[PDB]
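Comments concern the structure below.
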Amino acid sequence: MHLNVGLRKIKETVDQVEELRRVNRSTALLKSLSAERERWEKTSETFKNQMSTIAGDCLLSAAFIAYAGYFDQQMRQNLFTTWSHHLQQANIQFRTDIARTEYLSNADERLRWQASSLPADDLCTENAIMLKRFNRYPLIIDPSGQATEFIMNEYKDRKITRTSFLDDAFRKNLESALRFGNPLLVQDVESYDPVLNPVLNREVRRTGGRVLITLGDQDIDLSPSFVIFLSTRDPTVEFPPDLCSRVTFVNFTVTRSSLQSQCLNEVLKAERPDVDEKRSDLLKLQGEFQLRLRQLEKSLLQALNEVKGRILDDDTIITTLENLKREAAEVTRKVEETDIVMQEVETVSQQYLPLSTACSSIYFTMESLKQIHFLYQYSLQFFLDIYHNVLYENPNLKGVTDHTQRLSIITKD
C-alpha cells in the first residue's frame, strides 16, 4: 500500500513536470523522473513475481513446522525435497534460494538465541524456529541435553522454572505457572501424568471474564503468557499414540551429520573468524546492509511525501536517489561476494570438512565404545570440552599463524 501511494505521488510529480513543460531543465527533470519510475516499475514487478513465492514458501514452511519435527537431518531434507518436487510438478512457484531456517526467523531473535547458547547448527536452528511458533506444546528430545540450557537461557527473562514429573511439587508448580502465566519446563515425561491432558487439549472454558481449565477436581484460571515444555532424555522412549498426537515433537538428538555440521561451524568460528563473520554477514549483506538500504528508502519516501513545496531544497531527491543506487550497487557487489563464497568460502568449508568428519567419527567411536565395557560412558559435553581445549587454550598454536599449518596442528592435537 505504501508502494502504491508512492506510485500515485510519482504520477503527481509527472503531472507537475508536464505542466512545467507547458524548458530543458524540465526535460532533464522529466527524463530523470522517467528513469526513477522505470525503477519503481521493476520494484513492483519483482514483488508481483514474489507473490507466488510467498504462497509456496508459506506452504513448505508450515508443512515443515507441523510435520517433520521428530526426524533427523537426512529425513527432513528428503521430505523437503519431495514436497518441493511435488510443488514444482504442480506449477506452484516457490523461492528455491531461500532457506527454511531463515524465512521463519528474524535477525534479532537469532542473535538472542546465539546469546542464549543455542548450539548453532541446522537441527538447532530449525528446532528453535519450531519452538518459537507452535499451536501444541512441544516435546524436546535432547539426549545431549543442550536444549535444556538453551531454554533456561532464552526464557530466563520470563522466569522459567525447573520441575519434574517425579516431583511431588509438580502439581503446585504447574498451578503457579497457570495462575501467574509463568513458563514451565518438565524434564521427565516417560512417566507421563494425565493431568496435562486438558491443558494439552487446550480445553479452555471462557465463562464471564475468566478463562478456566479443569485440573483434577478444581478449576484454575488460564493465563495467556503460560507455556509448558516437556522433555525426555532417553531417545528410545516410546509414548502412547494419544500423547504422540497431543504434543509436537522437537528432537535434539545429535545425528552424525548434525554433529559434523556443528563442529564445522565451531571450527569456522574459532579459526579464520573473517569467513565466519562474512557468512553470518552473508545474510546481513541482505540484512544489516539491506537494513541500511531500507532505512535510506524510507527516508527517501518520507522526503517525497512531505515536500510541501520544497522549491528551495531540490538536491535532496537526487541525493537520496544516488544513495539508494549506491546501496543497490553494494548489494549487487555482495551478491558477487556470495558467488565468491560459492567459489572459496564453500572451499573453506570443504577444506575444514575432513576435520569435522573426523570429529564426528571420534564421537561416534566414543558412544559405541560405551558398549564393550559398562565403565566407558561419555557425554557430548565431554567431547565438546575436549574440542574447546583443543581449539582454545592450546600451547601448540601460540606462535602459529599459517591457516593450513594451524589446521594440521589442531587435527593432530
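In the C-alpha cells, chains take the letters A, B, ... in the order shown, each chain's residues start at 1, and ligands count up from 1 in the order shown.
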
Each residue of stretch 36-66 of chain A with at least one atom at most 12 Å from stretch 131-140 of chain A should appear once, together with its nearest atom pair and the corresponding distance in Å (one decimal); atoms considered: only C-alpha atoms; ordering: chain, then increasing residue number; output as a Markdown table.
```
| residue | atom | partner | partner_atom | distance |
| --- | --- | --- | --- | --- |
| A:61 | CA | A:133 | CA | 11.7 |
| A:62 | CA | A:134 | CA | 10.3 |
| A:64 | CA | A:134 | CA | 12.0 |
| A:65 | CA | A:134 | CA | 8.2 |
| A:66 | CA | A:134 | CA | 8.0 |
```

Just the residues within 12 Å of stretch 278-284 of chain A, please, counting only C-alpha atoms, with nothing from its chain fewer than 3 positions along; format it as number ranges by chain.
A: 98-99, 101-103, 105-108, 110-111, 114, 120, 265, 268-269, 272-275, 287-293, 331, 333-342, 344-346, 348-349

If we count only C-alpha atoms and set the cut-off at 10 Å, which residues sit around stretch 294-299 of chain A, ignoring sequence neighbours fewer than 6 positions away in its own chain? Please answer as a ChimeraX atom specification.
/A:287-288,305,320-321,323-324,327

Which residue gives the smallest distance to residue A:32 among A:244, A:250, A:408, A:317, with only C-alpha atoms counted?
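Of A:244, A:250, A:408, A:317, the one nearest residue A:32 is A:317, counting only C-alpha atoms.
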
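Atom pair atom CA of residue A:214 / atom CA of residue A:181: separated by 15.8 Å.
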
My list of candidates is A:372, A:409, A:33, A:264. Which is closest to residue A:350 when distances are computed with only C-alpha atoms?
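Answer, going by the shortest atom-to-atom distance: A:264.
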
Please list as JSON, numbers by chain every residue within 10 Å of stretch 251-253 of chain A, counting only C-alpha atoms and excluding residues in the same chain fewer than 3 positions away.
{"A": [69, 70, 71, 72, 123, 124, 127, 138, 139, 140, 141, 142, 143, 144, 145, 146, 147, 231, 232, 233, 234, 235, 248, 256, 258, 259]}

Limited to C-alpha atoms, could you put the picked residues into a file as a CSV table (one decimal), in the first residue's frame?
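part19.csv written:
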```csv
chain,number,residue,atom,x,y,z
A,69,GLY,CA,9.6,-32.3,13.9
A,70,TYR,CA,10.9,-35.7,15.0
A,71,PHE,CA,13.1,-36.9,12.1
A,72,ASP,CA,16.8,-36.3,11.6
A,123,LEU,CA,18.9,-29.0,13.7
A,124,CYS,CA,19.2,-26.4,16.4
A,127,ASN,CA,14.1,-26.7,16.3
A,138,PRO,CA,6.5,-29.2,22.4
A,139,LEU,CA,8.2,-32.4,23.5
A,140,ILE,CA,12.0,-31.7,23.4
A,141,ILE,CA,14.0,-34.9,22.9
A,142,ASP,CA,17.6,-33.9,23.8
A,143,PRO,CA,19.7,-36.9,24.8
A,144,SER,CA,22.7,-34.5,24.9
A,145,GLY,CA,20.5,-32.1,26.9
A,146,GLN,CA,21.7,-28.8,25.3
A,147,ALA,CA,18.1,-27.8,24.7
A,231,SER,CA,11.4,-33.1,27.9
A,232,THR,CA,12.7,-36.7,27.7
A,233,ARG,CA,16.4,-37.5,27.7
A,234,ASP,CA,16.2,-41.2,26.6
A,235,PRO,CA,15.9,-41.2,22.8
A,248,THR,CA,4.5,-31.8,18.8
A,256,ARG,CA,26.5,-37.7,12.8
A,258,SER,CA,24.3,-32.7,12.7
A,259,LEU,CA,27.4,-33.2,14.8
```

Interface rows for stretch 182-274 of chain A against stretch 376-386 of chain A: nearest pair, Å to one decimal, 12 Å, only C-alpha atoms, as a tab-separated table:
```
residue	atom	partner	partner_atom	distance
A:253	CA	A:380	CA	10.8
A:254	CA	A:380	CA	8.9
A:255	CA	A:380	CA	11.7
A:259	CA	A:380	CA	9.8
A:262	CA	A:384	CA	10.5
A:263	CA	A:384	CA	9.1
A:266	CA	A:384	CA	10.1
A:267	CA	A:384	CA	11.8
```

Those same residues, written as a PDB file, in the first residue's frame with N, CA, C and O atoms?
```
ATOM      1  N   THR A 253      18.354 -34.851  19.155  1.00  0.00           N
ATOM      2  CA  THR A 253      19.302 -35.947  19.008  1.00  0.00           C
ATOM      3  C   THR A 253      20.388 -35.570  18.009  1.00  0.00           C
ATOM      4  O   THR A 253      20.108 -35.000  16.951  1.00  0.00           O
ATOM      5  N   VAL A 254      21.633 -35.877  18.355  1.00  0.00           N
ATOM      6  CA  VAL A 254      22.794 -35.428  17.598  1.00  0.00           C
ATOM      7  C   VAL A 254      23.187 -36.541  16.632  1.00  0.00           C
ATOM      8  O   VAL A 254      24.001 -37.411  16.951  1.00  0.00           O
ATOM      9  N   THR A 255      22.603 -36.507  15.440  1.00  0.00           N
ATOM     10  CA  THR A 255      22.990 -37.399  14.360  1.00  0.00           C
ATOM     11  C   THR A 255      24.368 -36.997  13.837  1.00  0.00           C
ATOM     12  O   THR A 255      24.777 -35.837  13.945  1.00  0.00           O
ATOM     13  N   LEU A 259      26.192 -33.409  14.009  1.00  0.00           N
ATOM     14  CA  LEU A 259      27.424 -33.181  14.754  1.00  0.00           C
ATOM     15  C   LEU A 259      28.532 -32.667  13.845  1.00  0.00           C
ATOM     16  O   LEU A 259      29.315 -31.796  14.241  1.00  0.00           O
ATOM     17  N   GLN A 262      27.798 -29.054  13.207  1.00  0.00           N
ATOM     18  CA  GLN A 262      28.084 -28.275  14.407  1.00  0.00           C
ATOM     19  C   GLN A 262      29.580 -28.060  14.582  1.00  0.00           C
ATOM     20  O   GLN A 262      30.027 -26.948  14.882  1.00  0.00           O
ATOM     21  N   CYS A 263      30.370 -29.116  14.391  1.00  0.00           N
ATOM     22  CA  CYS A 263      31.815 -28.993  14.537  1.00  0.00           C
ATOM     23  C   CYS A 263      32.405 -28.108  13.447  1.00  0.00           C
ATOM     24  O   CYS A 263      33.343 -27.345  13.704  1.00  0.00           O
ATOM     25  N   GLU A 266      31.744 -24.634  14.490  1.00  0.00           N
ATOM     26  CA  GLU A 266      32.603 -24.277  15.613  1.00  0.00           C
ATOM     27  C   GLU A 266      34.023 -23.973  15.153  1.00  0.00           C
ATOM     28  O   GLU A 266      34.637 -23.002  15.608  1.00  0.00           O
ATOM     29  N   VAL A 267      34.566 -24.795  14.252  1.00  0.00           N
ATOM     30  CA  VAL A 267      35.934 -24.578  13.791  1.00  0.00           C
ATOM     31  C   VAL A 267      36.009 -23.351  12.890  1.00  0.00           C
ATOM     32  O   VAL A 267      37.035 -22.661  12.847  1.00  0.00           O
TER      33      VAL A 267
END
```

Distance atom CA of residue A:150-atom CA of residue A:116, one decimal place?
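About the pair atom CA of residue A:150 and atom CA of residue A:116: they are 5.8 Å apart.
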
Find the residues around residue A:5 up to 12 Å (only C-alpha atoms counted), leave out those fewer than 6 positions away in its own chain, and share them as a JSON list (two decimals) with N, CA, C and O atoms, in the first residue's frame.
```
[["chain", "number", "residue", "atom", "x", "y", "z"],
["A", 11, "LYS", "N", 3.07, 9.78, -10.06],
["A", 11, "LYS", "CA", 2.18, 10.27, -11.11],
["A", 11, "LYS", "C", 1.91, 11.77, -10.93],
["A", 11, "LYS", "O", 1.88, 12.53, -11.91],
["A", 12, "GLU", "N", 1.71, 12.20, -9.69],
["A", 12, "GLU", "CA", 1.52, 13.63, -9.43],
["A", 12, "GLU", "C", 2.75, 14.43, -9.85],
["A", 12, "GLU", "O", 2.63, 15.51, -10.43],
["A", 40, "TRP", "N", 10.86, 2.05, -10.27],
["A", 40, "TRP", "CA", 9.68, 1.72, -9.46],
["A", 40, "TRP", "C", 8.86, 0.61, -10.11],
["A", 40, "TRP", "O", 8.32, -0.26, -9.41],
["A", 301, "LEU", "N", 11.25, 8.08, 0.96],
["A", 301, "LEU", "CA", 9.79, 8.16, 0.90],
["A", 301, "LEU", "C", 9.26, 9.27, 1.80],
["A", 301, "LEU", "O", 8.33, 10.00, 1.43],
["A", 302, "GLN", "N", 9.84, 9.42, 3.00],
["A", 302, "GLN", "CA", 9.44, 10.50, 3.89],
["A", 302, "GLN", "C", 9.71, 11.85, 3.26],
["A", 302, "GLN", "O", 8.86, 12.75, 3.31],
["A", 304, "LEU", "N", 9.80, 12.42, 0.12],
["A", 304, "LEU", "CA", 8.96, 12.54, -1.07],
["A", 304, "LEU", "C", 7.49, 12.74, -0.73],
["A", 304, "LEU", "O", 6.71, 13.12, -1.61],
["A", 305, "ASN", "N", 7.08, 12.47, 0.51],
["A", 305, "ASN", "CA", 5.69, 12.69, 0.90],
["A", 305, "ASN", "C", 5.50, 13.86, 1.85],
["A", 305, "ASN", "O", 4.37, 14.12, 2.27]]
```

Determine the nearest neighbour of residue A:80 from the options A:63, A:237, A:312, A:397, counting only C-alpha atoms.
A:63

Sel. of alpha helix (DSSP H) residues, stretch 247-359 of chain A, as a compact mmCIF listing (two decimals) with N, CA, C and O atoms, in the first residue's frame:
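The result, written out as selection_36.txt:
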```
# COMPACT_ATOMS: atom_id res chain seq x y z
N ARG A 256 25.10 -37.98 13.29
CA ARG A 256 26.46 -37.75 12.82
C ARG A 256 26.53 -36.55 11.87
O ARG A 256 27.48 -35.76 11.93
N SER A 257 25.54 -36.40 10.99
CA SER A 257 25.53 -35.25 10.09
C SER A 257 25.39 -33.94 10.87
O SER A 257 26.09 -32.96 10.60
N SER A 258 24.47 -33.92 11.84
CA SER A 258 24.29 -32.72 12.65
C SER A 258 25.54 -32.39 13.44
O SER A 258 25.93 -31.22 13.55
N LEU A 259 26.19 -33.41 14.01
CA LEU A 259 27.42 -33.18 14.75
C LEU A 259 28.53 -32.67 13.85
O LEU A 259 29.32 -31.80 14.24
N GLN A 260 28.62 -33.20 12.63
CA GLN A 260 29.63 -32.73 11.68
C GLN A 260 29.39 -31.27 11.33
O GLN A 260 30.34 -30.47 11.28
N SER A 261 28.13 -30.90 11.10
CA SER A 261 27.82 -29.50 10.81
C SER A 261 28.14 -28.60 12.00
O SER A 261 28.69 -27.51 11.83
N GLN A 262 27.80 -29.05 13.21
CA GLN A 262 28.08 -28.27 14.41
C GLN A 262 29.58 -28.06 14.58
O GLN A 262 30.03 -26.95 14.88
N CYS A 263 30.37 -29.12 14.39
CA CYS A 263 31.81 -28.99 14.54
C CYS A 263 32.41 -28.11 13.45
O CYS A 263 33.34 -27.34 13.70
N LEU A 264 31.88 -28.20 12.22
CA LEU A 264 32.35 -27.33 11.15
C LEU A 264 32.08 -25.87 11.48
O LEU A 264 32.95 -25.01 11.29
N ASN A 265 30.88 -25.57 11.98
CA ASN A 265 30.58 -24.20 12.39
C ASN A 265 31.49 -23.75 13.53
O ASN A 265 31.97 -22.61 13.54
N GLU A 266 31.74 -24.63 14.49
CA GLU A 266 32.60 -24.28 15.61
C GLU A 266 34.02 -23.97 15.15
O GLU A 266 34.64 -23.00 15.61
N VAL A 267 34.57 -24.79 14.25
CA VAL A 267 35.93 -24.58 13.79
C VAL A 267 36.01 -23.35 12.89
O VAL A 267 37.03 -22.66 12.85
N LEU A 268 34.93 -23.05 12.16
CA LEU A 268 34.92 -21.84 11.35
C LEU A 268 34.83 -20.59 12.21
O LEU A 268 35.38 -19.55 11.85
N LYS A 269 34.14 -20.67 13.35
CA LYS A 269 34.09 -19.53 14.26
C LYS A 269 35.40 -19.36 15.01
O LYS A 269 35.86 -18.23 15.21
N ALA A 270 36.03 -20.47 15.42
CA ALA A 270 37.27 -20.37 16.19
C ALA A 270 38.45 -19.99 15.30
O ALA A 270 39.28 -19.16 15.68
N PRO A 273 38.15 -16.14 11.71
CA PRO A 273 36.85 -15.52 12.01
C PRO A 273 36.33 -14.62 10.91
O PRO A 273 35.15 -14.25 10.95
N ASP A 274 37.17 -14.25 9.94
CA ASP A 274 36.70 -13.40 8.85
C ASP A 274 35.64 -14.10 8.01
O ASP A 274 34.60 -13.51 7.69
N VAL A 275 35.88 -15.36 7.64
CA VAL A 275 34.93 -16.07 6.80
C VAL A 275 33.64 -16.35 7.57
O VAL A 275 32.54 -16.28 7.01
N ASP A 276 33.75 -16.67 8.86
CA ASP A 276 32.55 -16.92 9.66
C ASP A 276 31.74 -15.64 9.84
O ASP A 276 30.51 -15.66 9.80
N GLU A 277 32.43 -14.51 10.05
CA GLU A 277 31.73 -13.23 10.13
C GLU A 277 31.04 -12.90 8.82
O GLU A 277 29.88 -12.47 8.81
N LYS A 278 31.72 -13.12 7.69
CA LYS A 278 31.11 -12.84 6.39
C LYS A 278 29.92 -13.75 6.13
O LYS A 278 28.90 -13.28 5.59
N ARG A 279 30.01 -15.03 6.48
CA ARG A 279 28.88 -15.93 6.29
C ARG A 279 27.72 -15.57 7.21
O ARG A 279 26.55 -15.66 6.82
N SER A 280 28.03 -15.16 8.44
CA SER A 280 27.00 -14.59 9.30
C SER A 280 26.51 -13.26 8.74
O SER A 280 25.32 -12.94 8.82
N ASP A 281 27.42 -12.48 8.16
CA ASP A 281 27.04 -11.26 7.45
C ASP A 281 26.50 -11.54 6.06
O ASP A 281 25.93 -10.62 5.45
N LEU A 282 26.66 -12.76 5.54
CA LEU A 282 26.14 -13.08 4.21
C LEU A 282 24.64 -12.83 4.13
O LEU A 282 24.14 -12.42 3.07
N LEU A 283 23.92 -13.06 5.22
CA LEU A 283 22.53 -12.66 5.33
C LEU A 283 22.37 -11.30 5.99
O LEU A 283 21.24 -10.81 6.11
N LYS A 284 23.47 -10.68 6.42
CA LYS A 284 23.46 -9.27 6.80
C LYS A 284 23.84 -8.36 5.64
O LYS A 284 23.58 -7.15 5.72
N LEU A 285 24.46 -8.90 4.59
CA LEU A 285 24.52 -8.18 3.32
C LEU A 285 23.12 -7.96 2.78
O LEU A 285 22.80 -6.88 2.27
N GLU A 288 21.85 -6.39 7.51
CA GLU A 288 22.34 -5.11 8.01
C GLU A 288 22.54 -4.10 6.88
O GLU A 288 22.09 -2.95 6.98
N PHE A 289 23.24 -4.50 5.82
CA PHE A 289 23.39 -3.60 4.68
C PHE A 289 22.04 -3.34 4.01
O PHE A 289 21.74 -2.19 3.65
N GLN A 290 21.22 -4.37 3.86
CA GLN A 290 19.87 -4.14 3.35
C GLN A 290 19.00 -3.42 4.37
O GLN A 290 18.04 -2.75 4.00
N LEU A 291 19.33 -3.53 5.66
CA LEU A 291 18.65 -2.72 6.66
C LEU A 291 18.94 -1.24 6.44
O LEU A 291 18.02 -0.41 6.50
N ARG A 292 20.20 -0.89 6.18
CA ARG A 292 20.53 0.49 5.85
C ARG A 292 19.89 0.91 4.53
O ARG A 292 19.47 2.06 4.37
N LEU A 293 19.81 -0.02 3.57
CA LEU A 293 19.11 0.26 2.32
C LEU A 293 17.64 0.59 2.57
O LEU A 293 17.09 1.54 1.99
N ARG A 294 16.98 -0.18 3.44
CA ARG A 294 15.58 0.07 3.77
C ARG A 294 15.42 1.39 4.52
O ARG A 294 14.45 2.12 4.30
N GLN A 295 16.36 1.71 5.42
CA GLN A 295 16.30 2.99 6.12
C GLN A 295 16.44 4.15 5.14
O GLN A 295 15.72 5.15 5.23
N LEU A 296 17.36 4.02 4.18
CA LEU A 296 17.53 5.06 3.17
C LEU A 296 16.29 5.18 2.29
O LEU A 296 15.86 6.29 1.96
N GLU A 297 15.69 4.05 1.91
CA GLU A 297 14.48 4.09 1.09
C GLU A 297 13.31 4.73 1.84
O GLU A 297 12.55 5.51 1.26
N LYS A 298 13.15 4.40 3.13
CA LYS A 298 12.07 5.00 3.89
C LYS A 298 12.31 6.48 4.15
O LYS A 298 11.36 7.27 4.16
N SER A 299 13.57 6.89 4.33
CA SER A 299 13.87 8.31 4.42
C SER A 299 13.56 9.03 3.11
O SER A 299 13.05 10.15 3.11
N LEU A 300 13.87 8.38 1.98
CA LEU A 300 13.51 8.95 0.68
C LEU A 300 12.00 9.09 0.54
O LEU A 300 11.51 10.11 0.05
N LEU A 301 11.25 8.08 0.96
CA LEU A 301 9.79 8.16 0.90
C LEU A 301 9.26 9.27 1.80
O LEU A 301 8.33 10.00 1.43
N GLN A 302 9.84 9.42 3.00
CA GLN A 302 9.44 10.50 3.89
C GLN A 302 9.71 11.85 3.26
O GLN A 302 8.86 12.75 3.31
N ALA A 303 10.88 12.02 2.64
CA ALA A 303 11.17 13.28 1.95
C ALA A 303 10.23 13.50 0.77
O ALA A 303 9.90 14.65 0.45
N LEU A 304 9.80 12.42 0.12
CA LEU A 304 8.96 12.54 -1.07
C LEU A 304 7.49 12.74 -0.73
O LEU A 304 6.71 13.12 -1.61
N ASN A 305 7.08 12.47 0.51
CA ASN A 305 5.69 12.69 0.90
C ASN A 305 5.50 13.86 1.85
O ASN A 305 4.37 14.12 2.27
N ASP A 315 18.02 19.30 -4.21
CA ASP A 315 19.12 18.34 -4.29
C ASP A 315 18.90 17.13 -3.39
O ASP A 315 19.59 16.12 -3.56
N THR A 316 17.97 17.22 -2.43
CA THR A 316 17.72 16.10 -1.54
C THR A 316 17.20 14.88 -2.29
O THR A 316 17.60 13.75 -2.01
N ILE A 317 16.31 15.10 -3.27
CA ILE A 317 15.74 13.98 -4.03
C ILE A 317 16.83 13.26 -4.81
O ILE A 317 16.92 12.02 -4.78
N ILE A 318 17.68 14.01 -5.50
CA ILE A 318 18.75 13.40 -6.29
C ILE A 318 19.77 12.73 -5.39
O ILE A 318 20.30 11.66 -5.71
N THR A 319 20.07 13.35 -4.24
CA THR A 319 21.00 12.74 -3.29
C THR A 319 20.46 11.42 -2.76
O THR A 319 21.20 10.43 -2.66
N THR A 320 19.17 11.37 -2.42
CA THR A 320 18.57 10.13 -1.94
C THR A 320 18.54 9.07 -3.04
O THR A 320 18.78 7.89 -2.76
N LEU A 321 18.25 9.47 -4.28
CA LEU A 321 18.28 8.51 -5.38
C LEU A 321 19.68 7.94 -5.58
O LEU A 321 19.84 6.73 -5.77
N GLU A 322 20.70 8.80 -5.53
CA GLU A 322 22.07 8.33 -5.68
C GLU A 322 22.47 7.42 -4.53
O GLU A 322 23.16 6.42 -4.74
N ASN A 323 22.05 7.75 -3.31
CA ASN A 323 22.38 6.91 -2.16
C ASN A 323 21.69 5.55 -2.26
O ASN A 323 22.30 4.52 -1.93
N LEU A 324 20.43 5.52 -2.70
CA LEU A 324 19.75 4.25 -2.89
C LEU A 324 20.41 3.44 -4.00
O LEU A 324 20.53 2.21 -3.89
N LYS A 325 20.83 4.10 -5.07
CA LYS A 325 21.55 3.40 -6.13
C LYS A 325 22.87 2.83 -5.63
O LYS A 325 23.26 1.72 -6.00
N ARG A 326 23.57 3.58 -4.78
CA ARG A 326 24.82 3.09 -4.20
C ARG A 326 24.57 1.90 -3.29
O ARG A 326 25.35 0.94 -3.28
N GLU A 327 23.49 1.94 -2.50
CA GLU A 327 23.15 0.79 -1.67
C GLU A 327 22.81 -0.43 -2.52
O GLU A 327 23.21 -1.55 -2.19
N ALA A 328 22.07 -0.23 -3.61
CA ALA A 328 21.76 -1.34 -4.51
C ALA A 328 23.03 -1.89 -5.16
O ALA A 328 23.17 -3.10 -5.33
N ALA A 329 23.96 -1.00 -5.53
CA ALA A 329 25.23 -1.45 -6.09
C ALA A 329 26.03 -2.24 -5.06
O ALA A 329 26.68 -3.23 -5.40
N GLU A 330 26.01 -1.80 -3.80
CA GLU A 330 26.67 -2.56 -2.74
C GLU A 330 26.03 -3.93 -2.56
O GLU A 330 26.73 -4.92 -2.35
N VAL A 331 24.70 -4.00 -2.66
CA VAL A 331 24.02 -5.28 -2.53
C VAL A 331 24.37 -6.20 -3.69
O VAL A 331 24.55 -7.41 -3.52
N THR A 332 24.47 -5.65 -4.90
CA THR A 332 24.87 -6.46 -6.05
C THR A 332 26.32 -6.92 -5.93
O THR A 332 26.65 -8.05 -6.29
N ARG A 333 27.20 -6.05 -5.43
CA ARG A 333 28.58 -6.45 -5.18
C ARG A 333 28.64 -7.53 -4.11
O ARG A 333 29.50 -8.42 -4.16
N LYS A 334 27.73 -7.49 -3.13
CA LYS A 334 27.67 -8.55 -2.14
C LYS A 334 27.08 -9.83 -2.71
O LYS A 334 27.39 -10.92 -2.23
N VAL A 335 26.23 -9.72 -3.73
CA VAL A 335 25.79 -10.90 -4.46
C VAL A 335 26.96 -11.54 -5.19
O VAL A 335 27.14 -12.77 -5.19
N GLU A 336 27.79 -10.71 -5.83
CA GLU A 336 29.04 -11.21 -6.38
C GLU A 336 29.94 -11.80 -5.29
O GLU A 336 30.66 -12.77 -5.54
N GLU A 337 29.89 -11.23 -4.09
CA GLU A 337 30.64 -11.79 -2.97
C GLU A 337 30.08 -13.15 -2.57
O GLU A 337 30.82 -14.02 -2.13
N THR A 338 28.77 -13.34 -2.71
CA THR A 338 28.19 -14.66 -2.48
C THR A 338 28.61 -15.66 -3.55
O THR A 338 28.78 -16.85 -3.27
N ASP A 339 28.78 -15.19 -4.79
CA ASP A 339 29.36 -16.04 -5.82
C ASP A 339 30.80 -16.42 -5.45
O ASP A 339 31.21 -17.58 -5.58
N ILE A 340 31.58 -15.45 -4.97
CA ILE A 340 32.91 -15.75 -4.47
C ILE A 340 32.83 -16.67 -3.25
O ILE A 340 33.77 -17.42 -2.97
N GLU A 346 32.82 -21.73 0.36
CA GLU A 346 32.47 -23.15 0.36
C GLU A 346 33.72 -24.01 0.22
O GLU A 346 33.76 -25.13 0.75
N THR A 347 34.75 -23.51 -0.47
CA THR A 347 36.02 -24.22 -0.48
C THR A 347 36.67 -24.20 0.89
O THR A 347 37.31 -25.18 1.30
N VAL A 348 36.52 -23.11 1.64
CA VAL A 348 36.97 -23.08 3.02
C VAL A 348 36.23 -24.13 3.84
O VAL A 348 36.84 -24.87 4.64
N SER A 349 34.92 -24.22 3.65
CA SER A 349 34.12 -25.21 4.37
C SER A 349 34.55 -26.63 4.03
O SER A 349 34.62 -27.49 4.91
N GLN A 350 34.84 -26.89 2.75
CA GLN A 350 35.24 -28.25 2.37
C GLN A 350 36.67 -28.56 2.80
O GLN A 350 37.01 -29.73 3.01
N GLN A 351 37.53 -27.54 2.92
CA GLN A 351 38.87 -27.78 3.43
C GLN A 351 38.87 -28.01 4.93
O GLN A 351 39.73 -28.73 5.45
N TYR A 352 37.92 -27.42 5.65
CA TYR A 352 37.72 -27.72 7.06
C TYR A 352 36.83 -28.94 7.28
O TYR A 352 36.70 -29.39 8.42
N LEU A 353 36.23 -29.47 6.21
CA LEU A 353 35.32 -30.60 6.34
C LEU A 353 35.98 -31.87 6.85
O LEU A 353 35.41 -32.52 7.75
N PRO A 354 37.15 -32.31 6.34
CA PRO A 354 37.72 -33.57 6.85
C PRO A 354 37.94 -33.57 8.35
O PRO A 354 37.75 -34.60 9.00
N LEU A 355 38.32 -32.42 8.91
CA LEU A 355 38.44 -32.32 10.36
C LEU A 355 37.10 -32.57 11.04
O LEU A 355 37.02 -33.30 12.03
N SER A 356 36.03 -31.97 10.51
CA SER A 356 34.71 -32.15 11.10
C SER A 356 34.24 -33.60 10.98
O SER A 356 33.64 -34.14 11.92
N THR A 357 34.51 -34.24 9.84
CA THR A 357 34.16 -35.64 9.68
C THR A 357 34.93 -36.50 10.69
O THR A 357 34.37 -37.43 11.28
N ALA A 358 36.21 -36.19 10.90
CA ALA A 358 36.99 -36.91 11.89
C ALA A 358 36.42 -36.73 13.29
O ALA A 358 36.37 -37.68 14.08
N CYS A 359 35.98 -35.51 13.62
CA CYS A 359 35.41 -35.26 14.94
C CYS A 359 34.11 -36.03 15.14
O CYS A 359 33.89 -36.63 16.21
```

Would you please give, as a PyMOL selection string, all residues of stretch 29-260 of chain A that DSSP assigns to strand (DSSP E) based on the backbone?
chain A and resi 138-141+161-163+184-186+205-207+210-215+218-221+228-231+248-251

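Proximity of A:60, A:186, A:10, A:128 to residue A:154, computed with only C-alpha atoms, is greatest for A:128.
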
Mind checking which residues fall within 7 Å of residue A:390, counting only C-alpha atoms, ignoring those fewer than 4 positions away in the same chain, and posting them as a PyMOL selection string?
chain A and resi 386+394+410+413

Go ahead and save the picked residues with N, CA and C atoms, as a short mmCIF file (atom, residue, chain, number, x, y, z; two decimals), in the first residue's frame.
```cif
data_model
loop_
_atom_site.label_atom_id
_atom_site.label_comp_id
_atom_site.auth_asym_id
_atom_site.auth_seq_id
_atom_site.Cartn_x
_atom_site.Cartn_y
_atom_site.Cartn_z
N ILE A 386 36.66 -31.40 25.24
CA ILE A 386 37.87 -31.81 24.53
C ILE A 386 38.11 -30.90 23.33
N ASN A 394 45.50 -23.71 23.76
CA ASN A 394 46.35 -24.78 23.25
C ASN A 394 47.76 -24.26 23.02
N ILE A 410 45.99 -28.53 14.75
CA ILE A 410 44.77 -28.72 15.53
C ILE A 410 44.24 -30.13 15.35
N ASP A 413 46.61 -32.46 17.39
CA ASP A 413 46.38 -32.25 18.82
C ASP A 413 45.01 -32.74 19.24
#
```

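Distances here use only C-alpha atoms; by that measure, the residue among A:399, A:364, A:391, A:193 closest to residue A:412 is A:391.
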
Nearest residue to residue A:42 from the set A:55, A:3, A:79, A:17 (distances using only C-alpha atoms)
A:3

Give me, as JSON, numbers by chain, all polymer residues having an atom no more than 8 Å from residue A:56, counting only C-alpha atoms and skipping those fewer than 4 positions away in the same chain.
{"A": [52, 60, 87, 92, 93, 94, 95]}

Please compute the atom CA of residue A:202-atom CA of residue A:174 distance, one decimal, in Å.
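These atoms are spaced 14.7 Å apart.
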